[PDB]
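Alright, here's a single protein chain in two forms, structure 1 and structure 2, each given by itself as C-alpha cells.
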Structure 1
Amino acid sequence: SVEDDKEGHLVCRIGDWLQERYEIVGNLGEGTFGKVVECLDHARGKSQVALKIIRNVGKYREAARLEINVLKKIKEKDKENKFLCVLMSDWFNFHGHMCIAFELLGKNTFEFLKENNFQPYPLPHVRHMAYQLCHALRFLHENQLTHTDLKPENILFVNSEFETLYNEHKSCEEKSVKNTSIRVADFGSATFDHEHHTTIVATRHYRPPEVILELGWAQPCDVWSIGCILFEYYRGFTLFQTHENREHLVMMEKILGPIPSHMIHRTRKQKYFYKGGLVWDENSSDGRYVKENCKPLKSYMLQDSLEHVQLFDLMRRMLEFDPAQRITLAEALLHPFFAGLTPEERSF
C-alpha cells in the first residue's frame, strides 16, 4: 500500500491522500529533501496547503525534525505572523516520511526568474524584495537565529500571478509579477546562537568568505547571501557561478577587491595563498573563465540614475569581506535606497 522509490522518495501522485485528510491536487517543486505538493485539507474545508514530503532517509528525516523545531520556535516569537516567514500549519511522520504542511504561497523567486527566461526583475521589484528580506531576517537575527541557506529558490512570492508585458526594447514578452510580497522558506539549516555551528554552511553561490576561510560565522552570513540574491534579481544571473573554493575567492577578488590581510593572516586554509596573496592558475579553464567574465561590481550597473547607484552602494556594503565590517540589516533598513519605496511597500 505505501511505496518508496530507490532514493527513499514517497511514490505519490495527484489523487493520492495522506492521513485520509490531505488530498494531492498538484506538484509545486522538488529538492534534495524530497517533494512539495499542493493539497486540499479535508479537515479544514478543503483549505489549499503546500505539503513538504521528506525522503524516508535518516539524514533528511533528522534535518526535517530540526526544521519543525525551528518553525515552532518562530511561531512562538511571531504571533501576529508579520515577520515574513513560511507559516507551518501542521507536521507529521508518515511511514518514515516527515511531512510539513504550510500555508500555500506562489512560485519561489528562482522559478519565476527561470519562467521569465532569466529576464531580471525591475529595480522597484528588487527594492521591495530587499526591504522585505532585510526586515524578515532582522527579526530572526533579533531572536538569536541565523538562516544560513538564503538563496532565490528559498524566497517565495505570496502570489506569483503575473502580467505579460511586451518589452519594447528587447522585442520580446516579459512576465511582471503583480504582487512583490515575499516569504522566507527552508529552515532545515537555521541555527541558534547557542547551538553547534557547522564549519561549512550555505549553498556555494551564496557562501560568505569567512565560511570558505573557516573563521567561524554568525548573523553576517545571511547579509552576504542577501547581497548575492539582490544581484541575481537585478541582473538575472548568479554573482558567483562557481563549484570550487579557490575559483570562488578569485571571483570575490575580481568583483570586490583584495581580501583583507587580517582574514588571510587568521585563516588556517593557507593552500589558497602564496606570499600573502591569492594563488591561482590564470591559464587553467577556471582562470580564463574568471579573467573574461568577472568584472568590478560597479560595472554591472544597468542605469546611472540615483536609485541604481544606491542599490550598488547597499550591495557593496552587503558584500564586505570582513563579517565585522559588513552592513547589519538594522543599518540596511536605514539606507537611502529604501526612500524609493511606495508607502504601501514601506508600511507592510
Structure 2
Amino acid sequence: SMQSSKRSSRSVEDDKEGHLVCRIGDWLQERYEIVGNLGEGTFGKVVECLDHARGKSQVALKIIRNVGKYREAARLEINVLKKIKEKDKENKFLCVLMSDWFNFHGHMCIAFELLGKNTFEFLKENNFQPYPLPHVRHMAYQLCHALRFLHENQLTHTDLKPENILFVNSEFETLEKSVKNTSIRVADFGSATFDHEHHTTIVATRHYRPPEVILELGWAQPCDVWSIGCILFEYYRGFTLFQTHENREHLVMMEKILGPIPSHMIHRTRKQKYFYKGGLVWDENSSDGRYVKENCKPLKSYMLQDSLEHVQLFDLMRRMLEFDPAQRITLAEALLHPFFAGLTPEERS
C-alpha cells in the first residue's frame, strides 16, 4: 500500500539472513518504489520498482544481502557492467546493463530496465513446444551480435543459458504461442571474465558447458560459442541437447552426437581416468548405456524439416559445437554464415 518516500527510505532493518526487511510500497533513495517481486535467491532479492526520478518507468532492482561474499560478488558484477557500458556508450550490443547502482545500508543494489520473460520461461509457458526456425534464426543472430562485441573487447560471459536471455517484450499471439517480437537481450554478467583475469576452473551451467572446461584444458571466448550452440538446439527442439549431470556420461553424449574428441584433447587432460587406450570408458549395456544409446543420436538426426534453412541451422550448430575450441567458429565468422541470409532486412538491421 502507498507510503511516503523520505519516511520509507530512512525506516530500515535486516533480518537474521542479512536480507533487507521490506515489502510492496517501501522506497529506496527517495526514488525507487517497490511494486512487486521478480525473483529471489542466496544472493538477495530482485523487486520490481517504479523509478520516480524517470517518469515512474519500471526497473528490476537487485537487492543483495548484507553478507560479505554476496556484497563482493555484486561489486565485481558492477565493475564488469561499468566496463561494458563504457565500451557501448549507446547500447547497440543488446546487453542488459545497469541504469543505477548504490549501497543501501550495506545492501548493494543494482537497477536494470525491466524487460519480459526469459527464453526458458516463454518455452516452459508454451509446454516446451519449440520456437519456429525464423525465431531461432533472429535470436541466433542477436546472440552472435551481442557476444561478438564482448569477445572482441577481451570478455567472455561464461554462463550463457536460456534463463539469461530475455525478450524485450514477451507478448505473444496464439496461431502454440508465438512471441510477437523476437528482440532479446543478454543478462547476468556476474561470472564474466576478461582475458587477463584469473579464469575459475569450472564455468557455465552443466547443459551449456564445453568439453575444454570438463577436461580442464583452459577456456576463453569459444566457451560462449559452445553454450550458444546448445541454446540454439534447445530453442529448436525445446529440450536440452545434453540431458546429463556427470562429466564422463556428458563426454560420451558429445561423442554419440558430434563424433570423436580430438586425440590431443584426450592426451592433454589430467582426467585420464575417463579414458582407456585413448577411448572413453563407457558400458553400452548398463542402464545409462541403454538410455544414452536410445536417446543420443548424430546431431543431424534432430532436424525437424529437410529444407535448406534447416540444413543451414544444423551446419552453424555443428560449427559452434566443434570439440576443439581453436577450430570452433568465432561469432565474427558465425555472423557471415549463410544461415543468416534468411533474416528479414528488419531483423538484419
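Numbering for residues begins at 1 and runs along the sequence of structure 1. So that the term is clear: the rigid core is the largest set of C-alpha atoms that superpose within 1.5 Å between two forms.
Within the set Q144, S160, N69, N56, the hinge between the two rigid parts that rotate between structures 1 and 2 is located at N69.
Relative to the larger rigid part, the smaller one turns by 15 degrees between structures 1 and 2, according to C-alpha superpositions. Core superposition places the Cα of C99 2.3 Å apart between structures 1 and 2. The rigid core superposition between structures 1 and 2 gives a CA shift for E30 of 4.4 Å. Fit the two forms on the rigid core and the C-alpha of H125 turns out 0.1 Å off between structures 1 and 2.
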